[PDB]
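Taking it in order: structure first as structure tokens, then the write-up.
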Number of protein chains: 2
Amino acid sequence: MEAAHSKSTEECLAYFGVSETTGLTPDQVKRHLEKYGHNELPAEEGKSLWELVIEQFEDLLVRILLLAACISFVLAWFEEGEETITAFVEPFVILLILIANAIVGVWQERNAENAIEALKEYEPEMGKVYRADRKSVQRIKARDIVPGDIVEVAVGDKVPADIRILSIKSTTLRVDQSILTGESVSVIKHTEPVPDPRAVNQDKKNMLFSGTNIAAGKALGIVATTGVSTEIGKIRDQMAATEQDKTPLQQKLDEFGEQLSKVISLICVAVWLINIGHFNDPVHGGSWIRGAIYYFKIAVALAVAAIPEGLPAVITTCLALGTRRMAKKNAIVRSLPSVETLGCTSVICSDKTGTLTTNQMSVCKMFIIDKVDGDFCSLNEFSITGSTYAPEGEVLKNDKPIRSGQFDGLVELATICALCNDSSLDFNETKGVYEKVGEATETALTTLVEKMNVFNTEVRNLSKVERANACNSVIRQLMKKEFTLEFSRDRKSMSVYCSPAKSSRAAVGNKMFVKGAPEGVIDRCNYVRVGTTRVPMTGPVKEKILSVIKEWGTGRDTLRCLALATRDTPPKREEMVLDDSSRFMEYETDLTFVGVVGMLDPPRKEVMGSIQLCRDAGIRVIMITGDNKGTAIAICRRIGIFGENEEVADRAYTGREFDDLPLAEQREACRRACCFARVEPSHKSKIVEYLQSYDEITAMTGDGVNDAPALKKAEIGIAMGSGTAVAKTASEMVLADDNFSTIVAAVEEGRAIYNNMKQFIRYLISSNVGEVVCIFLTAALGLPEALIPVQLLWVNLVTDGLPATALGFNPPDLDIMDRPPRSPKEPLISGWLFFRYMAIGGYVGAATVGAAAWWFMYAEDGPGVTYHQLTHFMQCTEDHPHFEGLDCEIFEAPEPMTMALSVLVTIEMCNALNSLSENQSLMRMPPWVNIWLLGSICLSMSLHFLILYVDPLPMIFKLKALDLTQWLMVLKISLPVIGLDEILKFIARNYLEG
Amino acid sequence: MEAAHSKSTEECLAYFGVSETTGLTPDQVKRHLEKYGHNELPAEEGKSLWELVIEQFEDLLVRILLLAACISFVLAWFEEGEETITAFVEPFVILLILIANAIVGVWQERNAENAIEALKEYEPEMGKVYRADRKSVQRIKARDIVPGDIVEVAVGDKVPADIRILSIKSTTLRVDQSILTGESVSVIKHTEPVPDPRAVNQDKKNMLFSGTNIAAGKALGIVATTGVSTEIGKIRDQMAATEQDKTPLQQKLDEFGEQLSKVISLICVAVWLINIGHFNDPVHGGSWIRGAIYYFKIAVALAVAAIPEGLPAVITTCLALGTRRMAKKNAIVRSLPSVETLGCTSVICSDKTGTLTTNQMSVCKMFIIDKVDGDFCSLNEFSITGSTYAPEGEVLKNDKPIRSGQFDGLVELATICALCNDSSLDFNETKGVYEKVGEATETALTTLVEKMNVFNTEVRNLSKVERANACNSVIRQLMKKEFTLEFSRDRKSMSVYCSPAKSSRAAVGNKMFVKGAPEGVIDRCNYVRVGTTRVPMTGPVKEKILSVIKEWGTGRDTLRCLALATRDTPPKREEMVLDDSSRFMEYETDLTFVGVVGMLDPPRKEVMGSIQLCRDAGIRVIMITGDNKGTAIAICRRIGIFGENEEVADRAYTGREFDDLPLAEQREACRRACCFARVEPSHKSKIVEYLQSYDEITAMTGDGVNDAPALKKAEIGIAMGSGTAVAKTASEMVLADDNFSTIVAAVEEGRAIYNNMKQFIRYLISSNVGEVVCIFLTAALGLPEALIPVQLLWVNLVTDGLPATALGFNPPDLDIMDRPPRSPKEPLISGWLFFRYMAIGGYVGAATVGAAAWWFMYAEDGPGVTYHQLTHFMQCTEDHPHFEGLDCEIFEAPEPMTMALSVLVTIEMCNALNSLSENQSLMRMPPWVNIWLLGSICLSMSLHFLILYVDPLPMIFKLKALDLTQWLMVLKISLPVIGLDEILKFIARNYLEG
Ligand SMILES: C/C=C(/C)C(=O)O[C@H]1C(C)=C2[C@H]([C@@H]1OC(=O)CCCCCCC)[C@@](C)(OC(C)=O)C[C@H](OC(=O)CCC)[C@@]1(O)[C@H]2OC(=O)[C@@]1(C)O
Ligand code: NA
Ligand code: NA
């Protein structure tokens, strides 16, 4: 029965066939349970440890490696030798990386929590009901509650299900519906029906929502819905149905894997089509087992050479480092992969109150009627200084200070602001400043009465904590506040019934003081106050009042206006029913206009600037506010979202206006709108959706469970640090300071990380290309392996990792935020950069193969065999091409490989420098521009020497220290790489600009 | 130059290019030093204190514990609690045991001395040489002496190197070569060359051996060898090259370690393969840190439960106790681990003189020629009573006493025995008995003349100290002993030149009296004496003499015979050269046979019995003697080594015969031989080696540096208490009384200790098996730890140690020496005993786990939770299986553990009783059969109560006094163990005999 709020208390009892005095019977309980299920959100679908592990081996590259590890293992086994001390090293290392891979994977799922599961923190363990099988109340598990049974709740209780209040046992009922919104401002409940079947939760004043808390009172009601059918349960289903896409990098990265896999296989067929000549060899001869071992040996090298093994860790380190960096600027990134997507932010949807504004309310203007005489009319406009809640400030007219007391209208004006208020002030000893207690808007009125001091009370004798509520307390003595008629979006106002203090047994004297939005409050005024006198509300004088209000609210002041009135002759107290909030407007009729107060919620001191940065960056900014359309636009013009005089007819919308548009026009409006006012519960989500239909990376702010869906959907859901635990867990980012400007600063930081990431990424994949060329060359020529798996792996994990990482600290371009948002489709490598790394690739391949093939032929301390047909053979079965002599395993010499390895290392330290900038030569962009990089290289070189001298190592990697002559040869083959790219860059700069 | 003895005095000077009058020059000294090195044995290779400590941590079990200590330490650290008062107890205790371990280890190396180092006590600090750089003699450090330089030595000097004597400055030169042999009987040196290049040291009468002492004289010689090249240095190299094997127990014990280690790891994988089900648990939930702590916690318990921590101390205590016990029977065991190997003695090689015999010589027969007439011939055989050196005794013919004086031949016979003698008698006031002075054989002759009294001298008027040498002194007046021609194995005889007393300036009258082995002495006799007359030696009469000698030496008398003769017309005194011992035989030519004396070296009064015990024990006995082959066999038949009439052709060998056999036949001969006569210097070693090639545990006796090698090699080298310091240090055992029977008695004692050791060893390892079953069970079921490290350790150190030790006093089987030597390979546990302890193991495991798991479920004062799925969980993260209630740490209750501990203690006190006998039921073998054991149990129980009540203790061990009901439960689960084994024994007795 989800329409309960609109049904009468009798109709809900009738619908479920239950008695308010006995509760459900055990038969109803069983039937209702089987029909509606248990009262709880579905349990997250289990993922076993083993199921998880298995997933950690789903990736295309981890499979290629896994396989290669198997071939490697088999090879290390089915062999012929005794140097087993380093036989299973290769397979183990490979395998270990996969293990490390899986460990991390598993470790992430253990310590990760999803927003959907955070919802269950709002469902209590127990609840209290009345079931026929007993007289007294029996508390049972909340999970066993069902639609239809009578439940009981009291202060401190966490509401167990969505309940239709049957009757309030206590004098009143106050509920804290903070988990939905964030405003712990408790709300009053009633039992009278809410007529509109489509009322939003905020107006279901006769409903209790599962997950909410009772602030005060005690009530009995009937359960309307449970489980996923409650308001919170529907929020859980919206989130559970939200499909979360991978970041642009993850998508480019996954495509690189597919392709990398598709290419590897293709090179194997290539290595085959080049040896098709073996079909022309004699049936007898050679070793069909050694050939197979050869081919299988290079697959392992191919596989290990094409995979940038250390890329996942470098990316991870950069991200973690950047994250700690963003937290320093008050931006708490929860999702590591979010830093990228953040840099691409295309549109930023921000709530106004507390994010664009400080939320520190203050009254700066207020006017009363000066005099009315026929068609003539004068008002008495004032000003107030002091933007804090502190009573420190003063009133002024024509900019000159006056005494509010000298004006009667201001005394009543101030009487209303004090009596018609549920908040106060409190001086905090610690902070040493006046803190507010209650509503920001209400405290502002409190702060106002203290600055006015209409009774010239001696407050300069009291301390800080004593003069806080001084002038108020004085006013609280002239009238006894009988009771108060709460505020309701329905009539948009609130009032307080008051009886004179020094009185007894009188039948006259009562007064009603009303406060609320100007339109309605003024429409119900039939009189206007002028000092102590009163006169019929005249059409013209009403326009005067309305015109000034329009001025303050729609002009540059962007003030929130409140109308203040008093019902001089309130209805007889007996003639009023304090239970039907529906009769409140009626009670607030025949009012007297006293005055108007305009308050300000000042824009953050940085928002003007940041909004501007966003325009410079091509990032759209959309404000979502509860202000009426008019003041909303005025605030946008003020902070710079809109230009002071530009047209915004179709760039700003209120919830209502938005709904009146058809699904096609709503979409259209979202691409152009920059101001959404008075938005419905289901709008943030629709807006993010429509924005995403134009491929825009959207950032959205919010809190409470209501915003969880939208936060989950947007690419960068953003939460306030002072927001609810659920909003946070549903967001990619948290704002420790709640400041809109933090978002901007983080998008920039995000642009800076990516640029650098794009560089270490291109640096590493680039080296894998070169590595596969060397393995392909050495196979297409039939030469002895220049490099082996263990060697490549050290380079891709250690040697090239340090530089790769250091590259993550490349200084940021100065035009960073002066360019539009990067396109998600933007590939990392393509075009001239594609051809460039192709060249570099072939260079490295050639350089590392020759470097080793050199030692064999032209080296001094080497088996000088100039063109000795290394190709022709490596069978030694003939030994004819070498008459006298007894040595063939010199091919397995470590020297030639050490020459190849050393070359790769040197070229890569060179290419690291070729990566400080995509196009700027090392002439304009100096190598020392990144000190970390230089330092990383020194460390990588020292590490290289490490494996070359510390005995266990050289034998494990199959290396041998080079002669000062051999090194010298390495530099002759390596260093030139810098020139090659310098030329290639020169070409991209002077012949590719247009 | 090690061939020096065979070279002339001129050739040695020539070989080294040195002059006898000037010595080496400083140039020769430097060259000779650099060529030959310094004159000293290499210094023992240093073992630093730190290097030692490190070795104390090489053992497999001390490493397992060391590791476990680390896990324990880490765990006690990375924890969550505040009961730190007993947090680091566990790790510290473990560590402490290792420390205690290392301390002992170090302490043993500090107070242990090796035989090789004892050799250096024989090298003097200084020596005296003549070097060209000086006229007078300069004494320098012995270490600086070298081959080639002229050295000088005088009475009291300890010979510094092996020196070839150049010339004897004193009238004669006497050297005490006792350190080589033991017979301090100084030997005479000469300078004439010894022709045989392979002469054994005993015949190098022109050599001085480094480490020997000059008894008399002064000589000059040239150094032949130094350092490890001297006779003593070669003995040092033989010993340094001897590889000493570990005892059979040490080998079984080390194998148990490997296996114990291999099993521990295997049970860890077992504890893992049983929890493979955790891969099917949800990714979220439980504590991955608590799981790890669990697994690591049981490894510590596994490690501590598998190791019999107190076994090394119990073994050590039993051995020390047994040792003090063996010393009471005159057996001084130096090596503790030797008591075992001694019990396994398979073959016992014993020297005859002083070990099988008393070495108290006495003449009991002697004959002269009665008359010779043509082919007719009669001898005059006699007998002598008195087996002491005491002059107390009498001569007799045909068993009737006569007067030696009435027979002239007996007067000369007696003249020879007195004059041709270098020994005497001395009556010891203290002992009150006649002590010998010199050679045992010679004193016997002295004692003989006193009993004969051929001159009827009045000796019954003199006291004890006065009649000792009475009859001799009388004979010493009839002849003036000019000089004496010493004995040499070469001619095997000795003589003395004598001139009449009452004479002056006569050219006739001189006489030579010869003494020696019969063959040669008789062969050089051309005449025979008959009273005072003489007649040509006739072939037949010579056979008469020879036949009787054969009879006395090869018959049951086993007498050592000496032939006595006089050269009636000795050569002119001027015609003799007293310097060339080579001309001595010639001087002793043309002799006159006077008579023969047969002396006895009586077998120890216990050897007959002990030899018999050895046959009953399957222990072979081999006699090593200097007697000729014949008398040697006769002595063996007499003491029972050989049967009176059995064949021994290939069971007895002389050194010579042995060498003539090829390496294959020598080996063969050693497995069958029981008599080695006239053995070479290198035979004891070869014999031990050949014996060990048949896997026999050999015991060998001996002394002097010559026997050190062999003593070191045999499994049980045995030294005489009256032996040299070096022989002792090279031996496993010392005989305070020199008695062969001590060896036997100690082998038996050795068999008794092992049987008992085998019992306490099986008792303790048995309990470790059961301890690992309980830890394994409790892990395979996931139950709460029934027992913890600290608890097990007290049991394996204190509780079970007392009983283990008491078991070392188990009465010995009566058939102890009625069975063959135990096989070294004999494993301690295997077969039905293996299965038996397996059962007992599973019993203890089950009993101690249930005992604790009981308290949890069926106990009255316990959290009765009958099948409460203790397995299902111990996470309390759910707390669902237990609705109402707030207590989960009741699992950490001490009660269940105290129940487990108490059970273990009781079962073990029961199993102690199951260990008095491997197969005899407690019905036939009563518990009180070992009073010490019963008493140990009472003490162990009292100690158990100790930790259960004296407050600091119960909290340290996590225990709590049991209710009279809980104890009662312990007895229900423990006591039955006695029945289980009783049944198991019953099965081994009635269904396993065959
Ligand atoms: C000490 C504690 C434990 C638990 C241990 O594993 O000892 C084994 C072991 C190493 C041996 C075994 C133990 O073997 C087992 O208990 C079999 C495996 C099942 C246990 C699994 C528990 C859930 C001994 C203890 O026991 C039984 C009962 O069978 C007997 C014997 O030990 C001896 O003879 C002692 C040598 C001085 C050895 O087989 C021995 O290995 C050898 O090489 C020997 C020859 O030594
Ligand atoms: Na999101
Ligand atoms: Na020995």
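Following the order of the structure tokens, chains are lettered A, B, ..., residues in each are numbered from 1, and ligands are numbered from 1.
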Residues within 12 Å of residue A:827, please, as a PyMOL selection string. Count only C-alpha atoms; anything in the same chain fewer than 4 positions from it doesn't count. chain A and resi 248-253+255-256+758+761-762+822-823+831+833-834
Export, as a short mmCIF file (atom, residue, chain, number, x, y, z; two decimals), in the first residue's frame, the selected residues with C-alpha atoms.
data_model
loop_
_atom_site.label_atom_id
_atom_site.label_comp_id
_atom_site.auth_asym_id
_atom_site.auth_seq_id
_atom_site.Cartn_x
_atom_site.Cartn_y
_atom_site.Cartn_z
CA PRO A 248 38.26 6.59 -20.56
CA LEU A 249 41.75 5.30 -19.71
CA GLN A 250 40.43 1.91 -18.66
CA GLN A 251 38.70 1.70 -21.99
CA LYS A 252 41.74 2.75 -24.00
CA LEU A 253 43.82 0.41 -21.84
CA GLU A 255 41.51 -1.99 -26.16
CA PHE A 256 45.34 -1.92 -26.07
CA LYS A 758 50.03 9.93 -20.85
CA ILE A 761 52.41 5.38 -20.45
CA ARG A 762 53.71 6.23 -23.92
CA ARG A 822 40.00 16.66 -23.26
CA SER A 823 37.85 14.34 -25.37
CA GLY A 831 49.41 9.79 -36.19
CA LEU A 833 53.42 9.95 -32.68
CA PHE A 834 52.45 6.48 -33.94
#
6 Å shell around ligand 2 using only C-alpha atoms and all ligand atoms, listed as a ChimeraX atom specification: /A:711-717,731-732
What does the file look like for those residues with N, CA and C atoms, as a CSV table (one decimal), in the first residue's frame?
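Listing of selection29.csv after writing:
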chain,number,residue,atom,x,y,z
A,711,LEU,N,24.4,10.7,-7.5
A,711,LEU,CA,25.8,10.6,-7.3
A,711,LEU,C,26.4,9.4,-7.9
A,712,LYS,N,25.7,8.3,-7.8
A,712,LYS,CA,26.3,7.0,-8.4
A,712,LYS,C,26.3,7.2,-9.9
A,713,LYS,N,25.3,7.7,-10.5
A,713,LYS,CA,25.3,7.9,-12.0
A,713,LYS,C,26.3,8.8,-12.6
A,714,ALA,N,26.4,10.0,-12.2
A,714,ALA,CA,27.3,11.0,-12.7
A,714,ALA,C,28.7,10.4,-12.7
A,715,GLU,N,29.6,10.9,-13.6
A,715,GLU,CA,30.9,10.3,-13.7
A,715,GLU,C,31.7,10.6,-12.4
A,716,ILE,N,31.5,11.8,-11.9
A,716,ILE,CA,32.2,12.2,-10.6
A,716,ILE,C,31.1,12.7,-9.6
A,717,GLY,N,30.5,11.8,-8.9
A,717,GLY,CA,29.6,12.2,-7.9
A,717,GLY,C,30.4,12.8,-6.8
A,731,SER,N,30.0,8.4,-3.7
A,731,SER,CA,30.7,9.4,-4.5
A,731,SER,C,32.2,9.1,-4.8
A,732,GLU,N,32.6,9.7,-5.9
A,732,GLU,CA,34.0,9.5,-6.4
A,732,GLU,C,34.9,10.5,-5.5
Nearby residues (only C-alpha atoms) at most 9 Å from residue B:735, same-chain spacing under 2 positions excluded, as a list in words: residues 330, 331, 332, 333, 718, 719, 720, 721, 722, 733, 737, 738, 739, 740, 742 and 743 of chain B
Per DSSP on the backbone, what are the alpha helix (DSSP H) residues of stretch 229-340 of chain A, as a PyMOL selection string? chain A and resi 231-240+248-273+288-306+311-327+338-340
Residues within 12 Å of stretch 438-441 of chain A, please, as number ranges by chain. Count only C-alpha atoms; anything in the same chain fewer than 4 positions from it doesn't count. A: 183-186, 353-354, 358-363, 388-389, 417, 421-426, 445-448, 515-516, 559-562, 597-601
Select all residues from chain B having any atom no more than 9 Å from an atom of chain A (counting only C-alpha atoms, ignoring ligands), output as a count of residues only. 8
Write out as a ChimeraX atom specification each polymer residue (protein, DNA or RNA) that has an atom no more than 9 Å from ligand 1, with only C-alpha atoms and all ligand atoms counted. /B:249-264,266-267,270,302,305-308,758,761-762,764-777,827-831,833-842,845
Check every protein, DNA and RNA residue against ligand 3, keep those with an atom at most 12 Å away (counting only C-alpha atoms and all ligand atoms), and present them as a short mmCIF file (atom, residue, chain, number, x, y, z; two decimals) with N, CA, C and O atoms, in the first residue's frame.
data_model
loop_
_atom_site.label_atom_id
_atom_site.label_comp_id
_atom_site.auth_asym_id
_atom_site.auth_seq_id
_atom_site.Cartn_x
_atom_site.Cartn_y
_atom_site.Cartn_z
N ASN B 114 91.95 -32.48 22.71
CA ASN B 114 92.15 -33.56 21.75
C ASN B 114 93.56 -34.14 21.83
O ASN B 114 94.52 -33.44 22.16
N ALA B 115 93.66 -35.43 21.53
CA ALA B 115 94.93 -36.14 21.59
C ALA B 115 96.02 -35.47 20.76
O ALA B 115 97.18 -35.40 21.18
N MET B 239 96.76 -39.53 13.11
CA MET B 239 95.62 -39.19 13.95
C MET B 239 94.77 -38.07 13.33
O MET B 239 93.54 -38.12 13.36
N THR B 242 92.46 -39.37 10.83
CA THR B 242 91.45 -40.34 11.25
C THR B 242 90.08 -39.70 11.34
O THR B 242 89.88 -38.74 12.08
N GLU B 243 89.13 -40.23 10.57
CA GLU B 243 87.77 -39.72 10.57
C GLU B 243 86.99 -40.47 11.65
O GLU B 243 86.86 -41.69 11.58
N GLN B 244 86.48 -39.75 12.64
CA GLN B 244 85.75 -40.38 13.74
C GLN B 244 84.24 -40.35 13.55
O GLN B 244 83.62 -39.29 13.57
N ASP B 245 83.65 -41.53 13.37
CA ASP B 245 82.21 -41.65 13.19
C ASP B 245 81.40 -41.43 14.47
O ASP B 245 81.90 -41.64 15.58
N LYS B 246 80.14 -41.02 14.28
CA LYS B 246 79.21 -40.80 15.39
C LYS B 246 78.72 -42.16 15.88
O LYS B 246 78.67 -43.12 15.11
N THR B 247 78.35 -42.24 17.15
CA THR B 247 77.88 -43.51 17.69
C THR B 247 76.56 -43.91 17.02
O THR B 247 75.87 -43.08 16.41
N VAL B 333 85.36 -43.86 31.71
CA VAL B 333 84.84 -43.52 30.39
C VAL B 333 85.06 -42.04 30.20
O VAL B 333 84.67 -41.24 31.05
N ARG B 334 85.70 -41.67 29.11
CA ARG B 334 85.98 -40.26 28.88
C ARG B 334 84.87 -39.63 28.06
O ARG B 334 84.40 -38.53 28.36
N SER B 335 84.43 -40.35 27.03
CA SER B 335 83.39 -39.88 26.13
C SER B 335 82.01 -40.40 26.57
O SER B 335 81.78 -41.61 26.57
N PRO B 337 79.09 -40.37 25.08
CA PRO B 337 78.46 -41.13 24.00
C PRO B 337 79.14 -42.48 23.77
O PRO B 337 78.74 -43.26 22.90
N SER B 338 80.18 -42.74 24.54
CA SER B 338 80.91 -44.00 24.39
C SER B 338 80.24 -45.16 25.13
O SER B 338 80.36 -46.31 24.70
N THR B 341 78.18 -47.14 22.50
CA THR B 341 79.05 -47.88 21.61
C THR B 341 79.78 -49.02 22.33
O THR B 341 80.09 -50.05 21.72
N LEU B 342 80.03 -48.84 23.62
CA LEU B 342 80.70 -49.86 24.43
C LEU B 342 79.78 -51.08 24.58
O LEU B 342 80.22 -52.23 24.49
N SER B 685 96.58 -50.67 13.83
CA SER B 685 95.75 -49.81 12.99
C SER B 685 95.15 -50.57 11.83
O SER B 685 93.97 -50.41 11.52
N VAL B 688 92.34 -52.88 13.16
CA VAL B 688 91.10 -52.20 13.50
C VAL B 688 90.37 -51.87 12.21
O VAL B 688 89.15 -52.00 12.11
N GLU B 689 91.12 -51.44 11.20
CA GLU B 689 90.55 -51.10 9.92
C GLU B 689 89.88 -52.30 9.27
O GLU B 689 88.73 -52.21 8.84
N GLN B 692 86.77 -53.22 11.04
CA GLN B 692 85.68 -52.30 10.74
C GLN B 692 85.12 -52.50 9.34
O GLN B 692 84.02 -52.03 9.05
N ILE B 697 82.13 -53.42 15.79
CA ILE B 697 82.47 -52.34 16.71
C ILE B 697 83.67 -52.88 17.46
O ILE B 697 83.56 -53.78 18.28
N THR B 698 84.84 -52.32 17.17
CA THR B 698 86.07 -52.79 17.78
C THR B 698 86.62 -52.01 18.97
O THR B 698 86.63 -50.78 18.99
N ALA B 699 87.08 -52.75 19.97
CA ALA B 699 87.68 -52.16 21.16
C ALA B 699 89.15 -52.55 21.06
O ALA B 699 89.46 -53.71 20.75
N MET B 700 90.05 -51.59 21.28
CA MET B 700 91.49 -51.84 21.17
C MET B 700 92.25 -51.21 22.34
O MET B 700 91.96 -50.08 22.72
N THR B 701 93.20 -51.95 22.90
CA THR B 701 93.99 -51.47 24.04
C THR B 701 95.39 -51.05 23.57
O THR B 701 95.81 -51.39 22.47
N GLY B 702 96.10 -50.30 24.41
CA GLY B 702 97.46 -49.89 24.07
C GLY B 702 97.95 -48.67 24.80
O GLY B 702 97.24 -48.10 25.62
N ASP B 707 100.53 -46.27 19.82
CA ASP B 707 99.18 -46.82 19.76
C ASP B 707 98.09 -45.79 19.63
O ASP B 707 96.93 -46.14 19.41
N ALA B 708 98.45 -44.52 19.76
CA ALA B 708 97.47 -43.45 19.65
C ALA B 708 96.62 -43.58 18.39
O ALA B 708 95.40 -43.56 18.45
N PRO B 709 97.26 -43.74 17.23
CA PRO B 709 96.47 -43.86 16.00
C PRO B 709 95.38 -44.92 16.11
O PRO B 709 94.19 -44.63 15.91
N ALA B 710 95.80 -46.14 16.45
CA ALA B 710 94.87 -47.26 16.58
C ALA B 710 93.82 -46.99 17.64
O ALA B 710 92.64 -47.31 17.44
N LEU B 711 94.23 -46.39 18.75
CA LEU B 711 93.28 -46.08 19.81
C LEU B 711 92.26 -45.09 19.27
O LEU B 711 91.05 -45.21 19.55
N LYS B 712 92.73 -44.12 18.50
CA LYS B 712 91.81 -43.14 17.94
C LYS B 712 90.84 -43.81 16.97
O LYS B 712 89.65 -43.55 17.02
N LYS B 713 91.34 -44.70 16.11
CA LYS B 713 90.50 -45.37 15.12
C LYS B 713 89.43 -46.34 15.63
O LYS B 713 88.26 -46.22 15.26
N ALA B 714 89.82 -47.30 16.47
CA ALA B 714 88.86 -48.26 17.01
C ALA B 714 87.67 -47.50 17.59
O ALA B 714 87.79 -46.31 17.91
N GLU B 715 86.54 -48.17 17.74
CA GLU B 715 85.36 -47.51 18.27
C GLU B 715 85.54 -47.19 19.74
O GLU B 715 85.05 -46.16 20.21
N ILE B 716 86.21 -48.09 20.46
CA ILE B 716 86.50 -47.92 21.88
C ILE B 716 87.98 -48.14 22.14
O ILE B 716 88.40 -49.25 22.50
N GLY B 717 88.78 -47.10 21.94
CA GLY B 717 90.20 -47.21 22.20
C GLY B 717 90.32 -47.29 23.71
O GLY B 717 89.65 -46.54 24.43
N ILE B 718 91.14 -48.20 24.21
CA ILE B 718 91.26 -48.35 25.65
C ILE B 718 92.69 -48.15 26.15
O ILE B 718 93.63 -48.68 25.60
N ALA B 719 92.84 -47.36 27.20
CA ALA B 719 94.17 -47.10 27.73
C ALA B 719 94.31 -47.67 29.13
O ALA B 719 93.32 -47.95 29.81
N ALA B 727 98.11 -41.62 25.28
CA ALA B 727 97.28 -42.78 24.98
C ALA B 727 95.89 -42.57 25.60
O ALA B 727 94.84 -42.85 24.99
N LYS B 728 95.89 -42.05 26.82
CA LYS B 728 94.65 -41.80 27.54
C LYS B 728 93.75 -40.85 26.80
O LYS B 728 92.57 -41.16 26.56
N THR B 729 94.29 -39.70 26.44
CA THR B 729 93.52 -38.68 25.76
C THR B 729 93.05 -39.16 24.39
O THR B 729 92.11 -38.62 23.82
N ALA B 730 93.71 -40.18 23.86
CA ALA B 730 93.31 -40.73 22.57
C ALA B 730 92.28 -41.85 22.77
O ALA B 730 91.78 -42.43 21.79
N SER B 731 91.96 -42.15 24.02
CA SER B 731 91.01 -43.24 24.26
C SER B 731 89.63 -42.88 24.78
O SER B 731 89.42 -41.84 25.41
N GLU B 732 88.68 -43.76 24.50
CA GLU B 732 87.32 -43.60 24.98
C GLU B 732 87.27 -44.06 26.44
O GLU B 732 86.51 -43.54 27.24
N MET B 733 88.12 -45.03 26.77
CA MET B 733 88.13 -45.60 28.12
C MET B 733 89.51 -45.80 28.71
O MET B 733 90.46 -46.18 28.02
N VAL B 734 89.61 -45.60 30.02
CA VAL B 734 90.86 -45.83 30.74
C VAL B 734 90.67 -46.93 31.81
O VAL B 734 89.66 -46.94 32.51
#
Can you tell me, as a PyMOL selection string, what residues are no more than 8 Å from stretch 146-157 of chain A when counting only C-alpha atoms, ignoring any on the same chain fewer than 2 positions away? chain A and resi 1+13+16-18+20+23-24+29+32-33+36-39+127-131+144+159+163+213-226
